[PDB]
Amino acid sequence: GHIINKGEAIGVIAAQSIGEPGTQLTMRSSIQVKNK
Amino acid sequence: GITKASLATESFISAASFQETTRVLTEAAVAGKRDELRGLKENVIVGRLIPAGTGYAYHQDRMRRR
Amino acid sequence: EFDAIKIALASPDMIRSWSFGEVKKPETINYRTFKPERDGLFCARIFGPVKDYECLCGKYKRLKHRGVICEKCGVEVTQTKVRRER
Amino acid sequence: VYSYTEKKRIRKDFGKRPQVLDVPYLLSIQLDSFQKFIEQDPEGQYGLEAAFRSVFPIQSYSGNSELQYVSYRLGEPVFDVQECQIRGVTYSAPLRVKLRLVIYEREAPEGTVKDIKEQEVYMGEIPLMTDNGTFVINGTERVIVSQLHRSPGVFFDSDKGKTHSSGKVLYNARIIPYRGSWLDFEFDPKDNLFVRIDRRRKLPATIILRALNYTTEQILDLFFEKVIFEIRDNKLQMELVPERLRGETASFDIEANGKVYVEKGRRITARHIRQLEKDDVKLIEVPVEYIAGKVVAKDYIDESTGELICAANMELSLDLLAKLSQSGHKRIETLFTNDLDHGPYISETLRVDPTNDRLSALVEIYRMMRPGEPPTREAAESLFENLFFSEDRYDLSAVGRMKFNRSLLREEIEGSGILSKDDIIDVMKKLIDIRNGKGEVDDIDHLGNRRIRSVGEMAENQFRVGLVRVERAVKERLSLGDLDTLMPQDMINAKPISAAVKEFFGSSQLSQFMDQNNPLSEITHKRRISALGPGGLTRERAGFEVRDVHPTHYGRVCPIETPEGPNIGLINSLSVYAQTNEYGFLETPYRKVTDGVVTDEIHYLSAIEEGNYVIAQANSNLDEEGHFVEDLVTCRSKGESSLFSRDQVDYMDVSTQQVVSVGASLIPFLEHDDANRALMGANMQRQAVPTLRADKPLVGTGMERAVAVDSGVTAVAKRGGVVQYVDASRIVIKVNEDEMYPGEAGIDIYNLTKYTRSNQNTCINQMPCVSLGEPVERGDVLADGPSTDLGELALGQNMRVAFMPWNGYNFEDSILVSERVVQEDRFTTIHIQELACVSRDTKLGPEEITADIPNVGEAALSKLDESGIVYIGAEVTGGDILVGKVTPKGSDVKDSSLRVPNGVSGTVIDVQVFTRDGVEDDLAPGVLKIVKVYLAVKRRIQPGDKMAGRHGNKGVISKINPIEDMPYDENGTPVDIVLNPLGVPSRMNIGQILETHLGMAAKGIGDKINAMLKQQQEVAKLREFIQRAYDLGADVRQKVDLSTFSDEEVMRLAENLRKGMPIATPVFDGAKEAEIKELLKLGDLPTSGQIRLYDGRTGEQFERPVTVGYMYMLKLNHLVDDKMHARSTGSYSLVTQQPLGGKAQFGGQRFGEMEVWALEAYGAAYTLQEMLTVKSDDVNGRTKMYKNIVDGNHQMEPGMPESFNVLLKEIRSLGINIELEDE
Amino acid sequence: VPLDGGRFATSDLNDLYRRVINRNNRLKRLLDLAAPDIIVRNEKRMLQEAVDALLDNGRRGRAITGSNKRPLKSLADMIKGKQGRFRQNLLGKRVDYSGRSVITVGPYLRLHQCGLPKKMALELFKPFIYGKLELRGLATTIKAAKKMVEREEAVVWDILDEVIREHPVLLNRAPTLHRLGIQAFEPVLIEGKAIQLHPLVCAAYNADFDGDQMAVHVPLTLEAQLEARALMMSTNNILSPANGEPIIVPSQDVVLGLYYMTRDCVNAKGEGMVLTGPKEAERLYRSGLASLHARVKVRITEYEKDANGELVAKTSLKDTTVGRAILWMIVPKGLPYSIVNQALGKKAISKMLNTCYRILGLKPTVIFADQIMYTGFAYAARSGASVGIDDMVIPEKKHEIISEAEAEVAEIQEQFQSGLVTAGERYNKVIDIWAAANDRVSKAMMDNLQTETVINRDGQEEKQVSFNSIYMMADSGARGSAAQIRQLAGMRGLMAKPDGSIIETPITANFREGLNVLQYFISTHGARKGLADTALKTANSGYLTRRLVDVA
DNA sequence: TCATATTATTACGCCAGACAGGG
DNA sequence: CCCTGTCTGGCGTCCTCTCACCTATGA
RNA sequence: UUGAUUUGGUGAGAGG
Ligand SMILES: [Mg+2]
Ligand SMILES: [Zn+2]
């Protein structure tokens, strides 16, 4: 819940968290307003 | 880009555990390069404490006592 | 214990300083027995004795004179893992 | 009428469509191919005779001797198949070839030879095929798998997008020979035509035309049509056929006959072409700016001065016209280079060409092919005249000539094997036509463009390699031949043919070890069509489209049985009805439809024929005459499933099984499963272990009979008759007189193969299913093999399954099993392990087979004889001694005595010993002490095994409950196995539920018959209920003729039905749902398929009634006590100091790269430090750690890993000085 | 080293060094003999190529080979590649004190502990058992202890339960992608041969139970036991590091047990009776006097912590059901009652655990995750939530929708015979009307499933959401979506051929009706493309993770 | 047994990176 | 001399399990 | 001082 501690490797957890959902991803007129 | 950026590092073991080792070892050899270890995979190669986790206090101590 | 790893080119004086003996003959081993080749790729004098603290051919079968090299053996006298670093 | 094991238990067969063609013999690819290879077939095609008629008669280079051929033969094998598997020899036959040497005098092409000699020489041994489609190569039983490769003959491929990065298409054209050099033509983005041979350097393609003795004018005659400029009254008028103006801009004034036809500015329309053809317009006067860009066709020379005006293929300017007009050449031939249609590709290639005549063309081709070594007239001419034009080194086969004439729209289909001039010119013309627009490319996945190699073709190609090596040897010996002192074995040598053919049958990518744990798995490894192998594509490179299913797979290749993983769709399995074409393509049956009436004649088609016709669907309703009952029917025209009229169709599908294979047509309710789960279901159904008690799928498809017969695991009777039944050793069948030969009085004695090792350590065992004094017919079964029950196919067993969550024990895919499954031994399978012990003479004398085992005390001499080797049969486990096999001088004596591996038990079932002549036999030399001991573990079932149904419902059996805690219905019976309903909405394999309900109905009929027969009734009520059970519902094919079963065959049938009435639900024409409900109403079961169930724990009802039924669940051979492994400390490798890998090596787990990244992701710096230094590699660290642990001090003294110092020495062993710096 | 036999399987570097030395000896002898120029040029050139082949083989023209045509492996090929020293022996190592076996469930576990077999436990903990045996005094030398555990006497199992007790192990599923794929548990010994793994933790490992295998690793030293307990313990990983979402979300059986428990029906046993607490709500459910879903006024006492760290009790009567009170007996103190007052699908139970973690911290969220899993499994067992053939209700309007679409394609093709419209506009009109008919069939079956139950209470009828089994498996979010339940009842859309363009004739038959032959073949097009995509996609996904953790 | 020393197939798909060609 | 096809090198997922097969020559 | 060979390398197939 708190801030990142002095030390915790954030590059590796970040790289794993971007590359880990790599399996779930796939591989292969004019303007009309909506609200008011 | 990420593979050109991890192969262009100031630590040739970090850039040799990754892709092509021939290019990086000849560049480091003819440059006379030196690897002040200072990262995670140099210390996973050379067999010591990671300078991130629990070993960050150990590397604070070793960097303080130089 | 140690800081940075340094990589550089290998001078011929540096390669002769690494070395422990010139590997002449290409003959690997005897192949009909168990002995190697003197003095080929897998030498005795250039590297070390196969057996720990033993002259491979015949002298020193106890723990007293670790090092003597007779002319009949042309062999060093150290550990089994000594050849892995030489 | 039925045969006598058909009246034993006749399966209730749903299915409305009457089948017209019965299933072909499922191993016919392997058997027909190898029967083509070895057969004495005169007229030469195909076989070994083709090899001998290609290689023979050998004549040397005018050496005046010519060894010719007569006849060949194969003698008896010296070892029959059983003792061949036991001994370890190949199952081969000696190839006795008659050879007739005749030797000439001087000057005898026509003269009679001076002497002859002739003998039945011996070359090689070829491995024969066993009657089931297998080989026995070195003791082990292997299978050659049929390849799927590109056909010989031209292919026009496009590669439309990726090259040039500009959206400009290319068009290449590959002439693929069956044997020889590859010739490819290809455009380049400058619109120039390029040739390349064998993927070498790129030559501009018309040089090959200049290599075929074509001048430039002949080439321009071929690839261009002439436009005639006549020198006339003024401005050098033009012959103009109006076709050439199609779609271009009128640059000048188009007028003739005193009338202005088309003015400048407007494009020429086809109405203007009609105006010029109606007005008969040919000759029109052109401006001088029209000829100022055109190109001359042929050469012209100034007549009086005697020199050249212009070379052929030269563009024209006005001063060039002033040169040629004043000389006296009145006709000017120009090349019509239409920018829309008729492009100038050959002409611009001629402008790229650095050559001018034939000789420089051949010198440039020779400098392409073989570089460095000089290009002389004889050498380059011999090269190019033997590239494509000699019968030796270039040979399009009959398949290649058929595809080559078919892709060029030639009339004939048979021709010569080599190419010619006209063939290369036609390939270039069709390629140019495809560039212009007319005609189109070919695709490579189209199974009319994709041939099958099989066993006979591959072995014939390897045998031809061996024969050309032995003919080079015969040409060697003959020119050095002295006569008459040699007879034809100083010339010929049996070594290269045997070496090549054992190289293929032993170490090839397709001669591979047979998946033998199951009759299904044998019969579906023999019917396999691999895209891999030599000359084909690889696993790790290609691709997307060759891994995908193409609309020509309908009825040739199974769409759904392909292994998941790294090779999907490369390892396709062949369909049920699909034969192989004469040329090797895949032809499938269809029913010929002349008019409204669909005729019962069949007719086979391949994919290059299936496109032209219109082919109906298998299930389209036709009633009593063959007329389609609708006026419109779903068909498919050219790979496009579309709706056509009642009377347009020319063919109909034969039967509705024909799309899928014999692995995935055994799955009932296939049409309700998803495609993915049918794939996983068929691929797991190959993997089932044979249980100890075979048990008859209640919901089958009726294809169990054909698979269990056609795979040779059951002892099908050769000649019908009665029986004598000694049987302890062999079934003895007395033969009826009509099938019995006049001499050779003769009674057939069948050998039953009792408990023995399969290739997957399962147990292949045959048991007699006929009694004594009982009639059998020809083709009937006598002995049930592994996983068979009265001639049917019983892979797994049928068990009572509830669909509900039960207290979490079946959470993701787990399966919760009662104790009644494990008490009855109804999955307790039998595994057999062969263990060898040899006492080779490594060094310091030979090793020895004696009980006088050392250091070890009376814990060695125990399960053995009074003085050596495991006795016969006890309950040996792990750490025992089987064969005392230890040497002296190896105190200094040691224990190599082959023991029992860690964790296994068993009974020594057999001990074989063809040892070093002295143990106190037939085998090879070298090896001395040869003791093989056959254990047989009996593995039951346990928490951790893997079971699965037929639909893709995998499961690891989690809890083995007691009988009491099971969910019992109100009748009192516990349910056997609880599965999980949550798998069913996601994994859309809804067929397991209909199998569950229909199996519930099947056992409902079985319980009803078991009541009517246990509470025993006279047979009138049984035959009435059996007749009601076999009528049941819609219009079907079975009904029964039950009142002709002699009042005893009703009772024997009802004895074999009291475990449940077996129901055939065929593949796509299966049982509908209303018939399941109606069959559940014949039995006294509730119509919904769902019974209220109480709980065995609490005794109180589950709310909302649950599904109970019988699913046919299989035990796959992924058993948990072959996977459980642990390591604290043992042995390591040599080079590295890290632990070994595997289970058979007692090794530890590879803590790989992503686990190191996962420990770096935490703060696990100390866990990782011991994970890669102390636990793995550093030798001082691990010995200090083991002593620190056993002292009671959890503390590591790390040090440096050894493999990093190995890295330092391997890097340092280059010219690299890597070091370790300051303290 | 020699293999099993009488010959030496020699390495490739010995071939390389032996050739360089053979050539160097030849070159020294030729420079002794004073051979002419072209001989010693070829000799030195062969030595140059031999040295260049030793160092980095194959960088020069076609690489040399010994047996048979495969090139032999040089020094640079001992360094580079996937199988060099970096990627195969220095970044990843093989590891002692490690084990591997097939996993299975065991739902009795608390989420900090896992089941571990006795045979694997006695093999992985041999040195700790040796140290314990030597401490007691039962034996003397180390040999005696190795004979004792080789025999497995009656006293080493107490030694084993005294070395296990507070010693975590690292469980690891074999494709570890993120850091939640290595988690540390405490062992509980198992009669068996399969690792029993707590079910909630499975959603972190991507571990189903269809034949999976996991590796166990033992933290040897004392700092590693403390890192396994304080950083890598499974109670410590309850939030995914990629975001803020909880990773110990209850997966599939337990959300069905909750969705059947906290729901309602318009008449049951004990409709509209009043209850003095949740304890007698469970007592009325167990004795057989009310139903699990029967709407009822209860008196619950929710603790709202509105002060500064002080829990204030407020008790009131909530109009709720019986099941919501029974599930309120498990909720900790601080959460309000409205977290269970709704129907509790999967998103709602995930935000229940998330609000418990944000308010009450870690320890009530761990014990409440376990109590959620236990009560979900127990009432899913009591539910008897099967799946039948009658549960997939075919729309009665489905056949008329298909006939109206068939009349529309008949009109478009009758215009195509008379050439009024273009071919691309015909193909577009056919794909548009089959998309519209597909959406109408899906709405017909979705009405026919989501409100099919119509039961009266004391008079005229009144409708409600259905207790159909496949609809609770879809609406709960356990397993299933709109598309999968659509393909089991309504038509399964317009499948596409591998050309990338769609096919104008759809698959009008679902799976409860039978697919005929052509429709299944078009289905196999669509599914073979998906299997090929996953089995080739995984390589690029793994190589992307590698490039990312080596740039980081 | 103990030194002698290397030749007659093609059928991936990008994607950077270096190189001779030419307006 | 700045674009440019063209050619050459260098990537291409982790973990596990089962089986078989291993240079010729030679007075 | 009380004992021993696969890793090496290829090919084929399988599991998650
Ligand atoms: Mg799985
Ligand atoms: Zn000595």
# chains A, B, ... in the order shown; residues from 1 in each chain; ligands from 1

call {"tool": "residues_around", "arguments": {"residues": "segment 18-31 of chain A", "least_positions_apart": "3", "cutoff": "6 Å", "atoms": "only C-alpha atoms (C1' of nucleotides)", "output": "short mmCIF file (atom, residue, chain, number, x, y, z; two decimals) with N, CA and C atoms, in the first residue's frame"}}
result
data_model
loop_
_atom_site.label_atom_id
_atom_site.label_comp_id
_atom_site.auth_asym_id
_atom_site.auth_seq_id
_atom_site.Cartn_x
_atom_site.Cartn_y
_atom_site.Cartn_z
N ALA A 15 9.27 -4.99 -16.45
CA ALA A 15 9.45 -5.73 -17.68
C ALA A 15 8.62 -7.00 -17.70
N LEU E 177 6.25 -16.64 -15.65
CA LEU E 177 6.29 -15.40 -16.43
C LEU E 177 6.46 -14.16 -15.58
N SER E 541 6.02 -13.81 -27.47
CA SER E 541 5.74 -13.29 -26.13
C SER E 541 6.92 -13.52 -25.19
N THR E 545 9.49 -10.71 -23.40
CA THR E 545 9.86 -10.61 -21.98
C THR E 545 11.36 -10.65 -21.78
#

call {"tool": "residues_around", "arguments": {"residues": "segment 4-18 of chain F", "least_positions_apart": "6", "cutoff": "6 Å", "atoms": "only C-alpha atoms (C1' of nucleotides)", "output": "JSON, numbers by chain"}}
result
{"D": [198, 199, 541]}

call {"tool": "residues_near_ligand", "arguments": {"ligand": "ligand 2", "cutoff": "10 Å", "atoms": "only C-alpha atoms (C1' of nucleotides) and all ligand atoms", "output": "PyMOL selection string"}}
result
chain C and resi 49+53-61+66-77

call {"tool": "interface_residues", "arguments": {"of": "chain E", "to": "chain F", "cutoff": "9 Å", "atoms": "only C-alpha atoms (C1' of nucleotides)", "output": "PyMOL selection string"}}
result
chain E and resi 19+22+64-66

call {"tool": "select_by_dssp", "arguments": {"residues": "chain B", "states": "alpha helix (DSSP H)", "output": "PyMOL selection string"}}
result
chain B and resi 2-7+21-31+40-45+56-64

call {"tool": "write_last_selection", "arguments": {"atoms": "N, CA, C and O atoms", "output": "compact mmCIF listing (two decimals), in the first residue's frame"}}
result
# COMPACT_ATOMS: atom_id res chain seq x y z
N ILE B 2 15.12 -1.29 -27.82
CA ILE B 2 15.48 -2.00 -26.59
C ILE B 2 16.62 -2.99 -26.80
O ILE B 2 17.45 -3.17 -25.91
N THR B 3 16.72 -3.59 -27.98
CA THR B 3 17.84 -4.51 -28.14
C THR B 3 19.11 -3.75 -28.51
O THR B 3 20.20 -4.12 -28.06
N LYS B 4 18.98 -2.63 -29.22
CA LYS B 4 20.14 -1.78 -29.46
C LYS B 4 20.55 -1.05 -28.19
O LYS B 4 21.71 -0.67 -28.06
N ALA B 5 19.62 -0.85 -27.26
CA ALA B 5 19.94 -0.13 -26.03
C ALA B 5 20.49 -1.05 -24.96
O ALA B 5 21.26 -0.60 -24.11
N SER B 6 20.09 -2.31 -24.94
CA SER B 6 20.70 -3.22 -24.00
C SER B 6 22.02 -3.77 -24.52
O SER B 6 22.85 -4.21 -23.73
N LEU B 7 22.24 -3.74 -25.84
CA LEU B 7 23.58 -4.09 -26.32
C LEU B 7 24.54 -2.91 -26.28
O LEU B 7 25.75 -3.12 -26.39
N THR B 21 27.27 -12.32 -28.82
CA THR B 21 28.39 -12.22 -27.91
C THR B 21 29.69 -11.94 -28.66
O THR B 21 30.61 -11.34 -28.08
N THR B 22 29.76 -12.30 -29.94
CA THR B 22 30.95 -12.06 -30.73
C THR B 22 31.22 -10.57 -30.91
O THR B 22 32.31 -10.09 -30.59
N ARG B 23 30.20 -9.83 -31.36
CA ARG B 23 30.33 -8.40 -31.60
C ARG B 23 30.69 -7.65 -30.33
O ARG B 23 31.61 -6.83 -30.32
N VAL B 24 30.03 -8.00 -29.23
CA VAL B 24 30.20 -7.26 -27.98
C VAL B 24 31.54 -7.59 -27.33
O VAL B 24 32.22 -6.69 -26.82
N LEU B 25 31.96 -8.85 -27.35
CA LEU B 25 33.27 -9.18 -26.81
C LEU B 25 34.42 -8.64 -27.64
O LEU B 25 35.43 -8.27 -27.06
N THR B 26 34.30 -8.55 -28.97
CA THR B 26 35.40 -7.91 -29.68
C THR B 26 35.44 -6.41 -29.46
O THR B 26 36.53 -5.84 -29.36
N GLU B 27 34.27 -5.77 -29.39
CA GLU B 27 34.23 -4.34 -29.10
C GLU B 27 34.80 -4.03 -27.73
O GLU B 27 35.63 -3.12 -27.57
N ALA B 28 34.43 -4.82 -26.72
CA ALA B 28 34.98 -4.65 -25.39
C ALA B 28 36.44 -5.02 -25.30
O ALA B 28 37.17 -4.43 -24.51
N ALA B 29 36.90 -5.98 -26.11
CA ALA B 29 38.30 -6.38 -26.04
C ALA B 29 39.19 -5.32 -26.65
O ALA B 29 40.19 -4.91 -26.05
N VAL B 30 38.86 -4.86 -27.86
CA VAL B 30 39.70 -3.85 -28.48
C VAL B 30 39.51 -2.49 -27.85
O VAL B 30 40.34 -1.60 -28.07
N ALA B 31 38.45 -2.27 -27.07
CA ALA B 31 38.39 -1.02 -26.34
C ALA B 31 39.08 -1.11 -25.00
O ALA B 31 39.36 -0.07 -24.39
N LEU B 40 22.20 -6.04 -11.90
CA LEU B 40 21.65 -7.31 -11.44
C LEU B 40 22.28 -8.50 -12.15
O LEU B 40 22.66 -9.48 -11.52
N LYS B 41 22.39 -8.44 -13.47
CA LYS B 41 22.87 -9.63 -14.15
C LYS B 41 24.37 -9.83 -14.10
O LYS B 41 24.80 -10.97 -14.22
N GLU B 42 25.16 -8.79 -13.87
CA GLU B 42 26.58 -9.02 -13.61
C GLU B 42 26.79 -9.81 -12.34
O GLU B 42 27.68 -10.65 -12.27
N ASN B 43 25.94 -9.59 -11.35
CA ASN B 43 26.05 -10.28 -10.08
C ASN B 43 25.30 -11.60 -10.07
O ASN B 43 25.56 -12.42 -9.19
N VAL B 44 24.40 -11.84 -11.01
CA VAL B 44 23.89 -13.19 -11.21
C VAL B 44 24.91 -14.04 -11.95
O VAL B 44 25.07 -15.23 -11.66
N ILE B 45 25.65 -13.45 -12.90
CA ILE B 45 26.75 -14.16 -13.55
C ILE B 45 27.83 -14.51 -12.54
O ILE B 45 28.13 -15.68 -12.30
N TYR B 56 20.87 -4.97 -1.14
CA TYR B 56 21.14 -3.54 -1.31
C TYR B 56 21.80 -2.95 -0.08
O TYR B 56 22.58 -2.01 -0.19
N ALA B 57 21.53 -3.51 1.10
CA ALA B 57 22.26 -3.08 2.29
C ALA B 57 23.72 -3.53 2.23
O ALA B 57 24.62 -2.79 2.63
N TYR B 58 23.96 -4.73 1.70
CA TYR B 58 25.31 -5.24 1.53
C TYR B 58 26.10 -4.40 0.53
O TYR B 58 27.28 -4.11 0.73
N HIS B 59 25.44 -3.96 -0.53
CA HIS B 59 26.12 -3.12 -1.51
C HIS B 59 26.24 -1.67 -1.05
O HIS B 59 27.21 -1.00 -1.43
N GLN B 60 25.32 -1.18 -0.21
CA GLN B 60 25.56 0.08 0.49
C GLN B 60 26.79 0.01 1.37
O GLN B 60 27.60 0.93 1.39
N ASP B 61 26.94 -1.10 2.11
CA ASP B 61 28.08 -1.26 3.00
C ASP B 61 29.39 -1.33 2.22
O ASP B 61 30.37 -0.66 2.56
N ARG B 62 29.40 -2.10 1.13
CA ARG B 62 30.60 -2.25 0.32
C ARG B 62 30.94 -0.98 -0.44
O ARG B 62 32.12 -0.66 -0.63
N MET B 63 29.93 -0.22 -0.87
CA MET B 63 30.17 1.05 -1.55
C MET B 63 30.58 2.14 -0.57
O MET B 63 31.28 3.08 -0.95
N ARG B 64 30.16 2.04 0.69
CA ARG B 64 30.59 2.97 1.71
C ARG B 64 32.01 2.71 2.17
O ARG B 64 32.75 3.67 2.43

call {"tool": "residues_near_ligand", "arguments": {"ligand": "ligand 1", "cutoff": "8 Å", "atoms": "only C-alpha atoms (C1' of nucleotides) and all ligand atoms", "output": "ChimeraX atom specification"}}
result
/E:207-212 /H:16

call {"tool": "write_last_selection", "arguments": {"atoms": "N, CA, C and O atoms (P, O5', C5', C4', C3', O3' and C1' of nucleotides)", "output": "PDB file, in the first residue's frame"}}
result
ATOM      1  N   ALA E 207      -2.247 -22.076 -13.274  1.00  0.00           N
ATOM      2  CA  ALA E 207      -2.179 -23.515 -13.118  1.00  0.00           C
ATOM      3  C   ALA E 207      -3.591 -24.050 -13.037  1.00  0.00           C
ATOM      4  O   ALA E 207      -4.291 -23.811 -12.051  1.00  0.00           O
ATOM      5  N   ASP E 208      -4.013 -24.752 -14.070  1.00  0.00           N
ATOM      6  CA  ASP E 208      -5.154 -25.634 -13.945  1.00  0.00           C
ATOM      7  C   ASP E 208      -4.650 -26.979 -13.450  1.00  0.00           C
ATOM      8  O   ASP E 208      -3.507 -27.108 -13.003  1.00  0.00           O
ATOM      9  N   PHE E 209      -5.479 -28.003 -13.512  1.00  0.00           N
ATOM     10  CA  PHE E 209      -5.095 -29.315 -13.022  1.00  0.00           C
ATOM     11  C   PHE E 209      -5.329 -30.361 -14.090  1.00  0.00           C
ATOM     12  O   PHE E 209      -5.885 -31.424 -13.845  1.00  0.00           O
ATOM     13  N   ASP E 210      -4.893 -30.068 -15.312  1.00  0.00           N
ATOM     14  CA  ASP E 210      -5.069 -30.984 -16.424  1.00  0.00           C
ATOM     15  C   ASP E 210      -3.806 -31.761 -16.750  1.00  0.00           C
ATOM     16  O   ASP E 210      -3.666 -32.265 -17.866  1.00  0.00           O
ATOM     17  N   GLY E 211      -2.892 -31.873 -15.801  1.00  0.00           N
ATOM     18  CA  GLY E 211      -1.677 -32.628 -16.004  1.00  0.00           C
ATOM     19  C   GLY E 211      -0.447 -31.801 -15.722  1.00  0.00           C
ATOM     20  O   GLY E 211       0.653 -32.148 -16.149  1.00  0.00           O
ATOM     21  N   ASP E 212      -0.636 -30.699 -15.004  1.00  0.00           N
ATOM     22  CA  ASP E 212       0.441 -29.753 -14.774  1.00  0.00           C
ATOM     23  C   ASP E 212       1.481 -30.331 -13.831  1.00  0.00           C
ATOM     24  O   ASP E 212       1.239 -31.310 -13.129  1.00  0.00           O
TER      25      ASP E 212
ATOM     26  P     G H  16      -1.476 -31.608 -21.983  1.00  0.00           P
ATOM     27  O5'   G H  16      -0.761 -30.418 -21.216  1.00  0.00           O
ATOM     28  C5'   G H  16      -0.780 -30.375 -19.800  1.00  0.00           C
ATOM     29  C4'   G H  16      -0.094 -29.148 -19.273  1.00  0.00           C
ATOM     30  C3'   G H  16      -0.501 -27.841 -19.907  1.00  0.00           C
ATOM     31  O3'   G H  16      -1.719 -27.350 -19.379  1.00  0.00           O
ATOM     32  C1'   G H  16       1.849 -27.930 -19.667  1.00  0.00           C
TER      33        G H  16
END

call {"tool": "atom_distance", "arguments": {"atom1": "atom CA of residue 19 of chain D", "atom2": "atom CA of residue 1026 of chain D"}}
result
24.6 Å

call {"tool": "interface_residues", "arguments": {"of": "chain D", "to": "chain C", "cutoff": "12 Å", "atoms": "only C-alpha atoms", "output": "VMD selection string"}}
result
chain D and resid 841 to 845 1134 to 1137 1179 1198 to 1200 1202 to 1223

call {"tool": "closest_atom_pairs", "arguments": {"of": "chain H", "to": "chain D", "cutoff": "8 Å", "atoms": "only C-alpha atoms (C1' of nucleotides)", "output": "tab-separated table"}}
result
residue	atom	partner	partner_atom	distance
H:3	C1'	D:894	CA	6.4
H:4	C1'	D:896	CA	7.9
H:6	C1'	D:1145	CA	7.0
H:7	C1'	D:1133	CA	5.8
H:11	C1'	D:509	CA	6.4
H:12	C1'	D:512	CA	5.8
H:13	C1'	D:513	CA	7.9

call {"tool": "closest_residue", "arguments": {"among": "A:14, A:3, A:33, A:9", "to": "chain B", "atoms": "only C-alpha atoms"}}
result
A:9
